[PDB]
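The chain below stands alone and is given in structure tokens; this is the form deposited in one PDB entry.
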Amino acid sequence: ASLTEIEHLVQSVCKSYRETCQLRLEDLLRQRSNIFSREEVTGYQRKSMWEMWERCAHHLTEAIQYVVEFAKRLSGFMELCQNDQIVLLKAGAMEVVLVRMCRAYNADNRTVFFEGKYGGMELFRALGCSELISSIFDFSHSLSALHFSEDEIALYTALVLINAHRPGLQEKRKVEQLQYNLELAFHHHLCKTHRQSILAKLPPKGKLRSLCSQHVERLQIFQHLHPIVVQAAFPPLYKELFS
């Protein structure tokens, strides 16, 4: 590349993200006073495990659909083969959502945005997967301590997705090429904005891997308990990525 082509890539990725970010950051920040009441939290904890798993599946799918559309708009993604696009989305889609989720997380009171209001981790107790919940909350807490800008999130999420190490890639070298370009774009933007201090503080790739693994493990535990629920009421896309 050259210095001009990289900056062009920076803006194009940032643009691709803005157009697919699901909810504007301002919208999430404006809603931070909107916290579930004690009565509403109890209401969430009173709901059945399966209804609650169904609801999380549906919201997860919504979020992922924006990541699909982000990838489609991401430069060079559509130039890869149909096999590789699918491989990259099966492994990285959930990881990208995980990173995006820190936008909806409030580090002051340790709450997340969920169904119109903010609630802490006790809200999710009916799911019967407290270790996963804590992990997700810890992850978002650790990301929020980085004070990510939207542009930074755009560029870091591009990289999470465009990962040339994923098993099953047919045109590996072609994916290595794109990865390196986005790496340059990210790192160039960090240099230019004096924010290279964050390179050291980004979580290891094995941390995101661990979270997604935990998700699939907890889902298989749940599916064994309620097979027909997953069969009949879970989103097809979610089933496709996760079971």
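Residues that one form lacks are left out of the comparison. Quick note: we count residues from 1 along the sequence shown, nothing fancier. Heads up, when I say rigid core I mean the largest set of C-alphas that superpose within 1.5 Å between the two forms.
Undergrad: Quick one: higher average CA temperature factor, 93-101 or 123-131?
TA: Higher mean C-alpha B-factor in the PDB entry: 123-131.
Undergrad: Comparing 2-10 with 233-241, which stretch shows the greater average C-alpha B-factor in the deposited entry?
TA: Result of the comparison: 2-10.
Undergrad: Which one of 30, 58, 187, 215 shows the biggest C-alpha B-factor in the PDB entry?
TA: The record points to 30.
Undergrad: Per the entry's Cα B factor values, which of 63, 68, 200, 52 stands out as the maximum?
TA: Highest C-alpha B-factor among the listed residues goes to 200.
Undergrad: Taking only the Cα B-factors deposited for this chain, tell me whether residue 82 sits in the lowest, middle or highest third.
TA: For residue 82, whose C-alpha B-factor we compare with every modelled residue in the chain, the answer is the highest third.
Undergrad: Going by the recorded CA B-factors, say which third of the chain residue 109 sits in, lowest, middle or highest.
TA: Highest third of the chain for residue 109's C-alpha B-factor.
Undergrad: In terms of the CA temperature factor given in the entry, to which third of its chain does residue 140 belong: lowest, middle or highest?
TA: For residue 140, whose C-alpha B-factor we compare with every modelled residue in the chain, the answer is the lowest third.
Undergrad: Give the position of residue 149 by CA B-factor within its chain, expressed as the lowest, middle or highest third.
TA: Within its chain, residue 149 is a middle-third residue by C-alpha B-factor, going by the deposited values.
Separately, the form deposited in another entry exists; it is not shown, and the next lines address it.
Undergrad: Please determine whether the C-alpha atom of residue 10 is displaced by 2 Å or more between this form and the one not shown following superposition on the rigid core.
TA: The answer is no, as the C-alpha of residue 10 shifts between this form and the one not shown by less than 2 Å after core alignment.
Undergrad: Once both forms sit on the same rigid core, is the C-alpha displacement of residue 223 at or above 2 Å between this form and the one not shown?
TA: Yes, its C-alpha moves 2 Å or more.
Undergrad: Would you mind telling me if residue 126 and residue 229 are closer or farther apart in the other form than in the shown form, C-alpha to C-alpha, with a 3 Å or larger change?
TA: Relative to this form, farther apart in the other form.
Undergrad: Have a look at residue 56 and residue 227: in the other form, are their Cα atoms closer together or farther apart than in this form, given the change is 3 Å or more?
TA: Closer: residue 56 and residue 227 approach by 3 Å or more in the other form.
Undergrad: Superposing on the core, what residue ranges of at least 3 consecutive positions move by 2 angstroms or more in Cα between this form and the one not shown?
TA: The run that moves is 219-234, and no other.
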